[PDB]
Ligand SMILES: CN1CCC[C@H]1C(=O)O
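Take a look at this single chain, the form deposited without 1-methyl-L-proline, given in structure tokens.
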């Protein structure tokens, strides 16, 4: 059975056939046609605040380095030397004056131009051997990249998202904490888990203290109560109402938290006393933003959280959670690290356990597609539809 035959018979109401989650064949297609073609969230721009600052990441098999250039522009490159291919930057982050290959010291400017290569002979043309650029955009303080030479339209998303994101002043953030975990499930299982709260009541004690179980929230006609919330926010100058992409790739909405909760903490109170941004009112709740295939995000009045989803193998996925706070917020004074991070550290661990257990069952040859809950899993169906449509379009002529 070919991939085309499986896609042909797929019904929207059901989980995917086994090979979509387990096969090296589909994994290769997901990299080739999804991760290597779409815009992806990389890191917050505040990680590149300093002169000569760089950060590195892997995307599938690609090695990327993002750097703050002399002119203050942030640029991304393939972290592969044009001589014999070596990584140039080995550390996760650092600062340099130039990009100097550790092997034979070919030396590049922070805009990628090759400025020195030792003893290469008279016929060497350094202009042919600069670092290969990676397409890059700045979404209001969040850096996105695209590995394709012909990137899709990012501007439609950027323009829609700006009014929602600008009130968070993310350019003025710092990273308070980063957590990187490997979940032993296919990247699609990580997404299907994220896009519903059908599992939340039984699995997430800590999160449920602040995050509502209502399908309207975690998932996808606006209820009167929800509309009232949007109106409180927007009367105060804080954009809140739904935005959903035409093709389903992204969504934004600012949702209410549980009864009286203001933040993702065990006591429901703000984690940080010096807020990141100018969000009002104080109970504006959580700005939810997803953008497939790389990221979901929760921006609160006091701090923000970004999540980055990267594929590792057919049955492994890396999830990176970053806590953003105001750059002038002081650990031990304006926030406590445990208080700030404990809810989502626990939640992520619970999701990982669930995803791994789901993956273990799916590996049985007895596993067959089952029906999603229309009421509780509309967001899961929405994701699976986006994925299948994306794959179909990429495989077409």
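Positions refer to the first chain, counted from 1.
Residue 213, though modelled here, lacks coordinates in at least a third of the other entries of this protein that were compared and that model residues flanking it. Per the record, residue 220 and residue 221 are separated by a gap of 4 to 9 residues from the deposited sequence that were not modelled. Taking only CA atoms, the mean B-factor in the PDB entry is higher for 119-127 than for the other of 119-127 and 97-105. The mean C-alpha temperature factor is higher for 336-344 when 336-344 and 358-366 are set side by side. In the deposited coordinates, the residue among 192, 234, 302, 216 with the greatest CA B-factor is 216.
Sorting 205, 311, 293, 185 by the CA temperature factor given in the entry leaves 205 at the top. Among all modelled residues in this chain, the alpha-carbon of residue 168 has a temperature factor (C-alpha) in the middle third. In this PDB entry, residue 230 carries a Cα temperature factor that places it within the middle third of its chain's modelled residues.
For residue 42, the recorded CA temperature factor ranks within the lowest third of the chain's modelled residues.
The entry lists a Cα temperature factor for residue 374 that places it in the highest third of the chain's modelled residues. Residue 328 sits in the highest third of its chain by CA B factor, as recorded in the PDB entry.
What comes next is about the form deposited with 1-methyl-L-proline bound, which does not appear here.
Stretch 210-218 is the answer when you ask which of 181-189, 141-149, 210-218, 68-76 has residues with heavy atoms within 4.5 Å of 1-methyl-L-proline in the deposited bound form.
Contact here is defined as any heavy atom lying within 4.5 Å of 1-methyl-L-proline in the deposited bound form, and by that definition each of 197, 298 and 344 is a contact residue.
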